Amino acid sequence: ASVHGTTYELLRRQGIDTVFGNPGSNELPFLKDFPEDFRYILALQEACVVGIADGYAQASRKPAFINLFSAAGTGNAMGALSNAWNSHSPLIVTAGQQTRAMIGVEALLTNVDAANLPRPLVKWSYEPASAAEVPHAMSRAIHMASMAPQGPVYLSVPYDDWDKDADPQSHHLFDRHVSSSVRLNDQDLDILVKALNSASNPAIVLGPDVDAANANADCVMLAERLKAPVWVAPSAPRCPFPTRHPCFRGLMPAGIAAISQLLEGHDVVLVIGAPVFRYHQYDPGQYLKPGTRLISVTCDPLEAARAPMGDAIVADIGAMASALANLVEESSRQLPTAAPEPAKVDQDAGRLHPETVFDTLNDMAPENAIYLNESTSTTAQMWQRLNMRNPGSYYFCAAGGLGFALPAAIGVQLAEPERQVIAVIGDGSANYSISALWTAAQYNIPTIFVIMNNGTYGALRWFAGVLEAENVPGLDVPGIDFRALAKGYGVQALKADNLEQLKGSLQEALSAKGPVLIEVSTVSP
Amino acid sequence: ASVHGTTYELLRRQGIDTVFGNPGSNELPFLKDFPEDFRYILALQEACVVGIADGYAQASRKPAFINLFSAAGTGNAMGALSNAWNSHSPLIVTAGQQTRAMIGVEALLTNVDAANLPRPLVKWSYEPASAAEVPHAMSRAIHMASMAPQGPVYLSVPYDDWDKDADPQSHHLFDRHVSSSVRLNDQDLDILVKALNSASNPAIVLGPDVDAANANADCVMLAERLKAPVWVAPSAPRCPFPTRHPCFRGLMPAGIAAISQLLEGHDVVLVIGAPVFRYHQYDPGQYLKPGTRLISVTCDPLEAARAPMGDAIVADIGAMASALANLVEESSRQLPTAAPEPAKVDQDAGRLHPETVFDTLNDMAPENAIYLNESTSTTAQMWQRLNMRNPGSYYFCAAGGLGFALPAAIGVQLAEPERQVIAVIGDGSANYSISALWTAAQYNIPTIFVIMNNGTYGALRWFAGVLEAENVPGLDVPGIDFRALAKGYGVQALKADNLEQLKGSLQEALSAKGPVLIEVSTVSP
Amino acid sequence: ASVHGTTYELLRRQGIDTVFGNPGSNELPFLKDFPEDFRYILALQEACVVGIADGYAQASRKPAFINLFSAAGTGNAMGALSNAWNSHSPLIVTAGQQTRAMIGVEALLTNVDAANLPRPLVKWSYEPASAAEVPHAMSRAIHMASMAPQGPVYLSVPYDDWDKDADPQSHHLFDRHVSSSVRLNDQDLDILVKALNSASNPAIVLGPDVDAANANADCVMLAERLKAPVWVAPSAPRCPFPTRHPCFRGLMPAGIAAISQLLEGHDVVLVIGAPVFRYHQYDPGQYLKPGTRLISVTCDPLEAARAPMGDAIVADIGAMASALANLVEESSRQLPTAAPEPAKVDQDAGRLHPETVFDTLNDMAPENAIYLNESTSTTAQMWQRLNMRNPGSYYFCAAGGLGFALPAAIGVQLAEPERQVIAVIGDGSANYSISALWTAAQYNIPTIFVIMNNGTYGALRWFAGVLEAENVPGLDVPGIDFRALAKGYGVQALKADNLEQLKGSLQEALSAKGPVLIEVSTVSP
Ligand SMILES: Cc1ncc(Cn2c(C)c(CCOP(=O)(O)OP(=O)(O)O)sc2=O)c(N)n1
Ligand SMILES: Cc1ncc(Cn2c(C)c(CCOP(=O)(O)OP(=O)(O)O)sc2=O)c(N)n1
Ligand SMILES: Cc1ncc(Cn2c(C)c(CCOP(=O)(O)OP(=O)(O)O)sc2=O)c(N)n1
Ligand SMILES: [Ca+2]
Ligand SMILES: [Ca+2]
Ligand SMILES: [Ca+2]
Ligand SMILES: [Mg+2]
Ligand SMILES: [Mg+2]
Ligand SMILES: [Mg+2]
Ligand SMILES: [Mg+2]
Ligand SMILES: [Mg+2]
Ligand SMILES: [Mg+2]
Ligand SMILES: [Mg+2]
């Protein structure tokens, strides 16, 4: 067998059947004789390729395979990799290298010092020392991406390797099963359970690895047993809990002082599947107030190491959540009372308040909708206004890198064909990965894109205000016609200048057979 | 003085007055109180920011200053940095970092292991250990980018540094002059000159560092004195010689065997300002044929080290070209005869042959036009069909990374307001950095964009053919409306479905007061 | 509190009370006011510092703290770090950096790009962005070194940081408990146990992480229950099993073909706490023969990923070994029969055969002796001839880097004051870290050093023979007087030119009150 044949067999035996890519000459010898059981999803720029694959991986809860062109293609994708690192997305990034005979002279398209290029944003990065090593290196890539804590990996392959003879002993790679589905030993788990059972006023904080593990239902059981309020850890990339469950208390503010104040009076705070904590704004104060102890369960040693407070347990989130939910006592305390519904913001017959948009989406979207957020000034209101009952219902750029949601929404929709995906994206954010629209059109992936158009980088204007920073350039983005951009890439386009038009456009979009972009005129800050 | 004030003073004293950027929160404390003598050029995605700055730097022959957002912004720009590395573009890339107090906990927007992120695509990469060090670090960045061999550099700055007190001793940085304008010592230069004078059949090969140095006119004098044919080194990122000068022999094929065959019979081959050589296709054979010796003058030790043949001299291209041109004897050999004009390709009343497009551009464009190429299957014909008399008349992505020409054409046009810039870009290539169009519209930079629309990644289809590679996915890009994309970003749009319409559209574009995009229907391969 | 005070409090609260070091100016502000409850162990060169700390950490099964001088000191230790990486040794390596004000100018003693220096041999490498971050960074270092898979970490600290005010919120670091004591979930563990119970002819292979975890006794129980032969994985850095237990089958040959042949006929092979496998010699063949399946339990994702065959489980070795030993059925198969005693090699009244030396050590050493091996041509015989009943009884350089055993033997002896440490070191190997002898003398650490003097790099001569490699230089090391070297560093020295003298010297050494070096005249290969 050839390295080509052996590698595709390894991929299929390990459950991979889709290649997300933008092709180049170094990759043609890999892509030739493309297997009939695989599918190739083309995107027009590499940030889009990786964003689509990322959404697909996160929603499918399995690794996604990417093929990029040498250094330039890899480089174009590095902002996308920054998000993938923070979301623990299992991405296998392969890039084609020049033929071994032309690497030394640094021919055009040579990826120089290739393994260093994507660092520090990958778990593992490698170029094999010979063609026959390629399948083994691919095996390593698959498992490194997939083991807890999951994350992106990078493999560079000289294009002449594919046609070479494979090592017959590579067959031992095909069916390897590698598990990191582990939890705390019985003795220490019993100690943890007793601490939870004995708490007088416990609180629970959940992060994105709960949703990645599909541990959501177990966390609901845990919260109900402990009669504990549940918060989502700050800067949330996913939604780990039903947002109308009585225990739910919403998104934590991303500040040190704000969080310790929120947790004051809670004697034991159990954090599951989150960094402690992904703070954002400068908000100095106490990490915890006296009387509060924190216990963190994380899948990531790097998270456990850097927490400024609390104990930590490094283990699989799915296994730990299931064990805790089934071991803790049913507290006799009263179940927390559900948060009240948000207020209806006054809305005239003109430009839309973001609150109106979210209320209307919540009214009209199916109960199993999936939302993506890249409307940076409206996140708090989005979290308060969308009832998300099911797992896998929310995604937001985990490293704060814009250009995620538009392509990721396409990948999520590909992963979940029966769940309507609705991406709510600011006019500023929409541009970073605008060409991803073409992939939705070409493959008829019926994502709905809602563009919140207020003509400005609103979150930055707001921050400039808090800094009292005057004379900051580059904050306004006037003069973009999103319906024309959608037309450019073959996506049906609608406009909504007021509430009547928003409802009409959403009704049309929800009944459409393909992707739809709605440009919404929103109020300026 | 503050670090902010001192740093802007350093920048202005070192000749920097423009910031190319896409802003973020970590950069707001740098951008606040933006000096009234500086200008800020916003682009909507970071590949576009860096591409614009790159074109500006290359055309202006001076460093360009860039400001990006943390890791995600830097990452989005890394494909652009790959081109900049290969073109020796003097780019100062700054990125904002989290406040020092929040780096340890890895707050959102922390650029982790920041200096490693852009490696290996930068000459120098650094984060200062204290606020007061920032001006000195910026000084280092300026000089590292600017010294031969020029290239991109990276500086990460915690956002809280800007408001801190500067070291008064930083004033010594302001007026530092650093020179690498050096040439071979007299004794060894005399030896080189004698070898050139004694050659029976010399040839000259020129690369992009000749154009960067504005050594073009000196190379013309050198070629005339030696009565030598002149080739442009393969994979050419710039044009270093007047293309209708009698000595000009065109672009070298990017193959080992092809080049040694071309050089056969030439006893001394002098290469100036190029790698030896930027080969591309697999074309094995002899590096040089018996009877040919090669001497390379390069500004880059890395180039001198990796040449598989020949002697090398590492020195400034401007200084060396001037010295050689003025020292060599006037040979009594006959001056080479000019290459004949290219053939006129048969053209019916339908879709345009690329040859027709280039002939028409050559007919209608001003004699001081500047062209950018990102029409990958048509490069050879472009080189044969455009009369480029002046320096700085051609740019092509130096690392082969698409997404360069569209934004770079805007930067070049900003650098050269009196020279009409015409970017000839394939339909595939146009998408990588499509949002750059907005910057041309917003700042009214009157670049003309000619989109060669043949519906496919033509160069890849061609290569698949030579590989006899069947069943390669992802080679077709149907269904893009470039006039709608132009409308989306505020750029006047025209179509040309035939020659009559092409001439009409070019006439309109050449007389327009702003940027114009022409979508040309070209023949499919 | 100062950063100095806070950092020492953190160290003591996390169980650290010893600093292994070689001091320099950048470290004096850390070492001043050295706490009276800490001890400082000086060694004369940094390879020795790290080797001593490594032995101490491995034997104590807890992290060891190291303090080195800037780049040169760190660099001198990097061979030692290569061993520490392979042995999963929890080492906290700190190095002093120049004062922040002098880093920019690259004053003498500046550690440039410090965090990159020890890569790729550390789990985590870092320089803090401010003085107040130092305690948090130290906390991260402690936990990163200590979490599974354990390993070395690196922290660079500007010397001016120590006197600065600490953040009062650093107190939350002091008592953090971080656990990776995890095992496979119940459902999947039950599946594993059933596979073991159902095996017709199981085999067990154990690696160094078993001894590190003190899982030895649990593995004995497991082997007895399964009635399974037990091998030590190749290139063994530690001894994980009693070497005279009836199940013990010795050290596996470090070859692919040799191992698959050894395992032929075994239907299930359970590997615990080893890479699969640390092969060494070129010995191509099948990874496993038909009929053999392999299951690996490893603490290291990197090991699980790179195994060329078998299933893997990534978990804590102590927790897994205990669970398996207590869950498996008692097989009704016959317990394996003990290996026969090794043959007595003929020995005349002249130079010593290595076999004679090991037999004599086994005869005379206490039953709880600890051996270190750096006698590279005699390893197989050592493994056959020493009865090691207890855990922590054997160490060998895990990355094959010589210079480990001499200093490590001092660290082990410091960790285990009631167990006589005997280091058996070749004349070649003895030189790499010879100055470590001084530390044993100065602190009166009563290690016994047995120098096997055959005048040559015997293992290399042997390998040259198998390569049929003629005319290899540099294989002989005549003219070293080890008794004089011992005298040089203050260690009692004895010679043994024959068996009578060996017995006499060992008797004297075993009764001595301080360290002793015995130079043994061994047979030449
Ligand atoms: C790749 C990248 N570049 C720049 C930024 C910085 N950025 C700016 C550019 C965002 C403003 C987004 O504007 P929007 O129109 O999408 O939404 P709002 O008007 O609601 O803020 S928020 C802020 O994080 C970023 N996060 N990512
Ligand atoms: C960033 C990036 N991605 C992928 C490629 C590989 N690429 C492909 C995508 C190009 C085809 C360009 O298509 P085009 O429409 O712009 O021009 P032609 O049809 O004349 O080839 S040429 C080839 O180098 C690349 N060079 N750079
Ligand atoms: C730091 C280092 N340098 C060189 C070597 C290579 N080396 C050579 C130098 C060793 C020979 C050791 O000689 P010895 O006297 O200690 O023992 P033998 O005579 O029994 O081989 S074995 C072999 O691995 C090494 N392992 N480590
Ligand atoms: Ca906006
Ligand atoms: Ca095309
Ligand atoms: Ca020896
Ligand atoms: Mg990098
Ligand atoms: Mg247990
Ligand atoms: Mg699916
Ligand atoms: Mg001179
Ligand atoms: Mg100008
Ligand atoms: Mg369980
Ligand atoms: Mg002890």
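All values below come from the heavy atoms of this structure, side chains included, with hydrogens, waters and symmetry mates left out. Numbers restart at 1 for each chain; the letters A, B, ... are given by sequence-line order, proteins then strands.
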List the atom pairs, with distances to 0.1 Å, where a side-chain N or O of residues 148-158 of chain B and a protein N or O form a donor-acceptor pair under 3.5 Å, not counting sequence neighbours.
unit_1, atom_1, unit_2, atom_2, d
B/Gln150, NE2, B/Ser146, O, 2.9
B/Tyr154, OH, B/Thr74, OG1, 2.8
B/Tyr154, OH, B/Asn111, ND2, 2.9
B/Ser156, OG, B/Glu127, OE1, 2.7

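- Annotation for B/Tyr40: atom OH counts as buried by contact number, over 12 foreign heavy atoms lying within 6.0 Å.
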Less than 3.5 Å apart, which donor and acceptor atoms pair up between the side chains of residues 132-139 of chain C and the rest of the protein, not counting sequence neighbours?
unit_1, atom_1, unit_2, atom_2, d
C/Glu133, OE1, C/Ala129, N, 2.8
C/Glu133, OE2, C/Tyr126, OH, 2.5
C/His136, NE2, A/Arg306, O, 2.7

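- B/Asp37 and B/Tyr8 share no side-chain donor-acceptor pair at under 3.5 Å.
- In this structure, B/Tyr56 and B/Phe20 have tilted ring planes: the angle between them lies in the 30° to 60° band.
- For the pair B/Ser87 (side chain) and B/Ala84 (backbone), a donor-acceptor distance under 3.5 Å is present.
- In this structure a side-chain-to-backbone donor-acceptor pair under 3.5 Å is present from A/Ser235 to A/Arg278.
- For the pair B/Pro23 and A/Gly474, the tightest heavy-atom approach, listed with the atom from each and the gap, is CG-O, 3.4 Å.
- At least one donor-acceptor pair closer than 3.5 Å links the side chain of A/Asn83 to the backbone N or O of A/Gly401.
- Without hydrogens or angle criteria, B/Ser179 side chain to B/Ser181 main chain gives a donor-acceptor distance under 3.5 Å.
- Atom CH2 of B/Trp124 has more than 12 neighbouring heavy atoms from other residues, nucleotides or ligands inside a 6.0 Å radius.
- The backbone N or O of B/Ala212 sits less than 3.5 Å from a side-chain atom of B/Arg61, completing a donor-acceptor pair.
- The nearest pair of heavy atoms linking B/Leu117 to B/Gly75 is CD2-N, 4.5 Å.
- Side-chain N or O atoms of B/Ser70 include one that pairs as donor or acceptor with a backbone N or O of B/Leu109 at under 3.5 Å.
- Closest approach of B/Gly73 to B/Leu68, counting heavy atoms only: O-CD1, 3.9 Å.
- Judged by distance alone, with hydrogens and angles left aside, the side-chain atoms of B/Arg140 form a donor-acceptor pair with the main-chain N or O of C/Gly104 at under 3.5 Å.
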Applying side chain to side chain contact (heavy atoms under 4.5 Å, CB included), run through A/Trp85 and B/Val112 and close with a yes or a no. CA-CA 11 Å; A/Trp85 175 265; B/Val112 176; over 6 Å; no
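- B/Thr99 pairs in a side-chain hydrogen bond (donor to acceptor under 3.5 Å, both in side chains) with only one of the listed residues (B/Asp161, B/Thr110, B/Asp160, B/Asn26), which is B/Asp160.
- With hydrogens and angles ignored, the 3.5 Å screen pairs a side-chain donor or acceptor of B/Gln45 with a backbone N or O of B/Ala47.
- Of all the heavy atoms in B/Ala77 and B/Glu46, the pair that sits closest is CB-O, 3.8 Å.
- Side-chain atoms of B/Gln98 come within 3.5 Å of backbone N or O of B/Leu108 as a donor-acceptor pair.
- Comment: C/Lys32 engages C/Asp163 in a salt bridge, judged by a side-chain N to carboxylate O separation of less than 4.0 angstrom.
- The aromatic rings of C/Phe65 and C/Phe30 lie tilted to each other, with the angle between the two planes from 30° to 60°.
- The number of heavy atoms from other shown groups lying within 6.0 Å of CE (C/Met102) does not exceed 12.
- Checked by atom type, the side-chain pair C/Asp33/C/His4 shows no donor-acceptor distance below 3.5 Å.
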